[PDB]
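Structure first, commentary second.
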RNA sequence: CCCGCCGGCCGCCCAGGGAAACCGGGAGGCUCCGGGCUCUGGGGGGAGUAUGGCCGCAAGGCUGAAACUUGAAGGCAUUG
RNA sequence: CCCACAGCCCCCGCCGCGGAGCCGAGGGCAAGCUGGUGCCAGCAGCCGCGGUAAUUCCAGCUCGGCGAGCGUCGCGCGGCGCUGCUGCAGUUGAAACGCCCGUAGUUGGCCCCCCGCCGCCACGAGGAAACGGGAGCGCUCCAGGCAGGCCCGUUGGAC
Ligand SMILES: [Mg+2]
Ligand SMILES: [Mg+2]
Ligand SMILES: [Mg+2]
Ligand SMILES: [Mg+2]
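Protein chains in written order, with my numbering: chain A, 1 to 48; chain B, 1001 to 1164; chain C, 2001 to 2209; chain D, 3001 to 3138; chain E, 4001 to 4129.
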């Protein structure tokens, strides 16, 4: 009946990424030098 | 009207007709990594220049060898390419021009000549040093990373005599 | 266990009597054994790709019967290309059949020069056209450094065939992959059957083979 | 063969193309003049008008509004897309109305709607739905 | 009615070659046909031919030896600038290496290479390769 | 009687062509895409409708829109 | 230092603020984890999602594109060989007037060895620059401008 009825976690304070060109450098070591695939749920289970 | 209306202006780069193409993305990223490129407009500028060279070479090649226009334009183009160092000295045929690639353009950048002289630890180190103004191209200090160095000045690119 | 040839050509190939695949193509012998192509390519120089995978259904008394059809190409990036198809109830066996069929049929691709003759050939010899279904393809020689001007699918074939510079034009319902690939394959196959004046030289036949 | 090909036949070719190029629906709609007069937007990017009433295989009712263009005085309906934006529009509020992606034609499952609402009281709808700005002045 | 004798002659020749014959007949015996055949013969496509008189549009006989793939005419003779030939070359012939385009000039019937050498142009008659 | 020539009406068909059914006395000689002349068509509806003009005793014929609407309508063929 | 006066660029000494957003993650189209709601609210250029795992809505995490720019709306070009001169189609998909005669119009077999005329091709004159192409010159590069060095083609600004 009430619109917006469907429409709390504190944000995780973590350091910002290295902007500028370093971001590209961050990707370069992300997949090639560092072991990859990406997107599995079980992969995040490893991350947690 | 104001005199400012007669100042000419034009763009200098192009964008790929198909943007999302995996091989192109990977190749562009790889070239950025080997040359420490900021954004992707520089590759577009390089491709623009290469396209101009190739089109001129084609038009001259369609014509006869003994065409006066052919002689004139080819001589000018060869002289410019050689003075820039992009094309090897031993080559003086217009046919070789069609085989040039943007990598030869990159190799004559200020960062490139700086690094291959072993004057810098890396492309990123070279860029940061260039910004701080520690380099004296010829006898004049230059703070433009994309400055292109001719053959006659490659032996003359040194450290700034004023830098600490 | 081992490869026991089932054909005279297979036996001769098992023996070191035949030394090159071009020695086979010159007399238009049909190929039926997949072992023959690996013997000339011991190190597995040939590449492989899976262009498409589609599902085909047949109506029956009880529900539907489904199946899978696959298209595969292979090449060593140096004047050799092949196209093949396979259909089966399961995807993997269909892919294996398609790869086997593509390996079975293979043709050489002739290459030439655009204007200046310097170094190795870099593009097609001349204009080539092919026809399959509603699709038509035109291959035009190009200058050095021009890249491959074509759609991603056709460019894959031209890459696996060992070309670097070429212009292409397409017509018809190009969204049908099988017929586009077939048309380009036919155009490439026609390459070595096109007379040119340098081949006007009159050569006497050879009794051997 | 079918077409003329003589060396002194350019006039006929020009006339034939002139006559036959009117058969295309797009060319007609663009160069004929009927649509421009019949379009309540008269070739403009978007219009400024005044709202006067709120109304709304998929079975979801879409929220829209009836509007009258200031410069034209003809009536149309424009549809407010972004969630929760019905409450942000009040009766008799100045609005700016543009078009959907398909010029002229209807878009999506919405019957009889061919426009969009992008501003109310001078504030972008997107800037308000994300809470960047606020409509406290109205 | 009959108009372009050259087109009919060329079509007959190509049809005969397709089934690998050796001798053909062509009713018209125009001068333009004769020069076209002369150029073909000199370049090495058709070898020999003879003209058979009869006082009523003489007939001509030609011999075949393969080689020839295609040959046609351009029905309305365009005007070709001396400097505007590469476009036609690319549009019509398979490759820039081989092939001959026939142009009629004030200097006589010649091939596009010859005219390119003399830096002059004219009207186009046909082509073959 | 059988061996031919011209013209006409037909059947089957190698190549070739085509999305295919099929054509093959061309629907062949065409993306390798130019013999000459004329006419018609540009997604489906609204609509061969309205409004004008001409012809006709009349019934009606020739010419011939737009607004608006819509995401498919169609061709040949395959299995049930 | 420059400037009609002031700024501003640049040079010189002292102290020294390091800051990225806009779109999207089913296909076209590069880019995936829980909580809500339940054909409601909403997304969606097209196909489509949502009637209890919602890979498409609403939030968090993660990820991708471009980048001091990003996205939306309308118009033109291209996409388009869907206006087709190059270069469409006309048995069955939309499309050969029911047939004949016939004027304007368009198109017209072969042949003459050198004369005149029209078209045609090449060259030339003559006539504005800017823009465009283009020779040469390191405004720190560049967008630009026609400069500039010492012992300069009469320094150059050609075409
Ligand atoms: Mg045609
Ligand atoms: Mg059409
Ligand atoms: Mg219609
Ligand atoms: Mg029909």
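Here a beta-carbon is modelled for each residue, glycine too, at the ideal position from N, C-alpha and C.
- Annotation for residue 2050 of chain C: no alpha helix (DSSP H) segment contains it, though the beta strand (DSSP E) segment containing it runs 2049-2059.
- Between the C-alpha atoms of residue 2008 of chain C and residue 2189 of chain C there is a straight-line separation of about 26 Å.
- Look at residue 4081 of chain E here: in three-state DSSP terms it is coil, with no helix or strand label.
- Per DSSP, the continuous beta strand (DSSP E) segment holding residue 4023 of chain E begins and ends at 4023-4026.
- Between the alpha carbons of residue 2053 of chain C and residue 1022 of chain B lies a distance of about 21 Å.
- Closest in alpha carbon position to residue 2206 of chain C, among C:2079, C:2023, C:2014, is C:2023.
- With fewer than 16 other Cβ atoms from the protein chains shown falling within 10 Å of its own Cβ, residue 3027 of chain D counts as exposed.
- Per the C-alpha coordinates, the member of C:2086, C:2148, C:2122 positioned closest to residue 2097 of chain C is C:2086.
- Setting aside the 5 residues that flank it on each side, residue 1156 of chain B is surrounded in the same chain by 1138, each with a C-beta closer than 6 Å to its C-beta; the list follows chain order.
- The three-state reading of DSSP puts residue 1023 of chain B in helix, counting H, G and I together.
- With a cut-off of 8 Å on Cβ pairs, the segment 1117-1128 of chain B is not in contact with the segment 1096-1107 of chain B, counting fewer than three such pairs.
- Think of a sphere of 7 Å around the beta carbon of residue 4128 of chain E: no beta carbon from chain C falls inside it, the nearest being about 12 Å out.
- Residue environment for residue 1039 of chain B: exposed (fewer than 16 other C-beta atoms within 10 angstroms of its C-beta).
- Selection D:3105, D:3004, D:3054, D:3050 evaluated against residue 3035 of chain D yields D:3105 as nearest (Cα-Cα).
- For residue 1003 of chain B, same chain residues with a beta-carbon under 7 Å away, outside a window of 5 residues either side, do not exist.
- If you check the C-beta of residue 2127 of chain C against ligand 3, you find no heavy atom less than 8 Å away.
- Of all residues in the segment 4084-4098 of chain E, the ones placed with a Cβ closer than 7 Å to any Cβ belonging to chain C are 4094, 4095, 4096, 4098, in chain order.
- Contact between the segment 4027-4047 of chain E and the segment 4057-4074 of chain E is present, with at least three C-beta pairs closer than 8 Å.
- When rounded, the separation of the alpha-carbon atoms in residue 1033 of chain B and residue 25 of chain A is 8 Å.
- Sequence-distant partners of residue 2150 of chain C (beyond 5 residues in either direction) whose C-beta falls short of 6 Å from its own C-beta, in its chain, are 2168.
- Identification of residues in the segment 4037-4070 of chain E having a C-beta nearer than 8 Å to some C-beta of chain C yields 4044, 4066, 4067, 4069, given in sequence order.
- Uninterrupted beta strand (DSSP E) stretches at least 3 residues long and entirely within the segment 2091-2136 of chain C occur at 2128-2132, given in chain order.
- Within chain A, the residues placing a beta-carbon under 8 Å from that of residue 1036 of chain B are 21, ordered along the chain.
- Shown here, residue 1095 of chain B sits in a helix according to DSSP, grouped into three states.
- Within 9 Å of the CB of residue 1033 of chain B, the CB atoms of chain A belong to 24, 25, 28, in sequence order along the chain.
- Residue range 3094-3099 is occupied by the beta strand (DSSP E) that includes residue 3094 of chain D.
- Listed in chain order, the positions of the segment 3053-3067 of chain D with a beta carbon within less than 8 Å of a beta carbon of chain A would be empty, since no residue qualifies.
- For residue 2155 of chain C and residue 3131 of chain D, the gap between their C-alpha atoms comes out near 49 Å.
- Per the Cβ contact rule, the segment 2055-2062 of chain C is not in contact with the segment 2132-2139 of chain C (fewer than 3 Cβ pairs under 8 Å).
- For a cut-off of 8 Å, the C-beta gap from residue 2166 of chain C to residue 2109 of chain C is around 11 Å, too long to register as a contact.
- Bridge pairing for residue 4110 of chain E: E:4103 [DSSP].
- Counting only runs of at least 3 residues, the segment 3015-3098 of chain D fully encloses the following beta strand (DSSP E) elements, listed from N- to C-terminal order: 3047-3055, 3064-3069, 3075-3079.
- Excluding its 5 nearest sequence neighbours in each direction, residue 2068 of chain C has C-beta neighbours in its own chain below 8 Å: 2053, 2054, 2055, 2056, 2087, 2088, 2089, 2090, 2091, 2094, listed in chain order.
- Shortest gap from the CB of residue 3025 of chain D to any heavy atom of ligand 3: under 8 Å.
- Within a 10 Å sphere around the beta-carbon of residue 2179 of chain C sit 16 or more other beta-carbons, which makes this residue buried.
- Judged by their CB atoms, residue 2082 of chain C and residue 2104 of chain C are nearer to each other than the 9 Å cut-off.
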